[PDB]
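Okay, so here's just one chain, in structure tokens, the form deposited in one PDB entry.
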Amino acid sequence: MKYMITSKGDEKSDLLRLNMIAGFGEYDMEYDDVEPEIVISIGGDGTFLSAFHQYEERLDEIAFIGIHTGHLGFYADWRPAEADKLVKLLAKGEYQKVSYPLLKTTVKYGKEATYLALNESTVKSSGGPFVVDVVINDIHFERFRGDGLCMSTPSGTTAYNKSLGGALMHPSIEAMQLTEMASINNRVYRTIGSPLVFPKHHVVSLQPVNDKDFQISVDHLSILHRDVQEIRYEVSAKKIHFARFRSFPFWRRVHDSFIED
């Protein structure tokens, strides 16, 4: 089918990409980076995140595969020595697909912008602590004072979320997880402290108290947002699809990345 390959852009990844293109040329496979059905990312998880965002408008037509030319990735979970086996099984096709949940982020300013996240979306201020009201399904839950907030997908829970004390969640769970960054807690200021895990259809709204300018990130992409009225989080109806050719369980990937490999 139509496929394309993104590369980290160092010599090792660029050369592996060229060798895989050569191997695909021996099958009924057409290189097409406009409407691919297969997107192969060669690099690390950063490269994979960029592949996801390059093709976020055609997620339901695409199966993603990641090859890690460095250390094992949570998305780039194939080794370069298996690239030839990958070309072979990918050309034939008929592989099974695995789908992970995504996070929808809506930013309102007086209009709306929407974003999809594979890892997480975070909100911080223009320096120092900021203040946001946290509203869950239209009920005021807490006034947060601190460095920021992080809302993670299940597959993102091993990323920023983990460093913030969040739980690691198996990606078959359709949920998002909100973690705090250095909240102030004293007699006057009060937050929940604990990470919060939300099911599908719950909406978490972050609303300004004084300052209306925030730094909002979606995966690696961080942009200063001015005149923001609201940041709304919910589990997306869209999913990312992976081509899988062998069993590599999430919990084994967690073991291999954090425990020992």
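By rigid core we mean the largest C-alpha set that fits within 1.5 Å across both forms. When you see a residue number, it is the position in the sequence shown, counting from 1.
Among the other PDB entries of this protein that were compared and that flank it with modelled residues, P195 is modelled in all, so it is never left out in a third of them. In at least a third of the other PDB entries of this protein that model the residues around it, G110 has no coordinates. The modelled chain is continuous from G127 to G128, with every intervening residue of the deposited sequence accounted for. Two stretches are in play, 205 to 213 and 45 to 53, and the higher mean C-alpha B-factor belongs to 205 to 213.
Annotation for 146 to 154 versus 93 to 101: the higher mean temperature factor (C-alpha) is found in 93 to 101. Considering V197, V235, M29, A63 together, the PDB entry gives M29 the largest C-alpha B factor.
Note on the listed residues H170, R190, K85, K162: the highest Cα temperature factor in the record is that of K85.
Among all modelled residues in its chain, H71 ranks in the highest third by Cα B-factor. Ranked by C-alpha B-factor against the other modelled residues of its chain, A113 falls in the highest third. In the deposited entry, the Cα temperature factor of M4 sits in the middle third of values across the chain's modelled residues. Among the modelled residues of its chain, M176 has a C-alpha B-factor that falls in the lowest third, as given in the PDB entry. Annotation for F242: C-alpha temperature factor in the middle third relative to the rest of the modelled chain, per the entry.
The protein also exists as the form deposited in another entry; that form is not presented, and the subsequent description refers to it.
When two forms of a protein are overlaid on their rigid core, residues whose CA moves 2 Å or more are considered shifted, and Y160 is not one of them between the shown form and the other one. Core-superposed comparison between the shown form and the other one: the C-alpha position of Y189 differs by no less than 2 Å.
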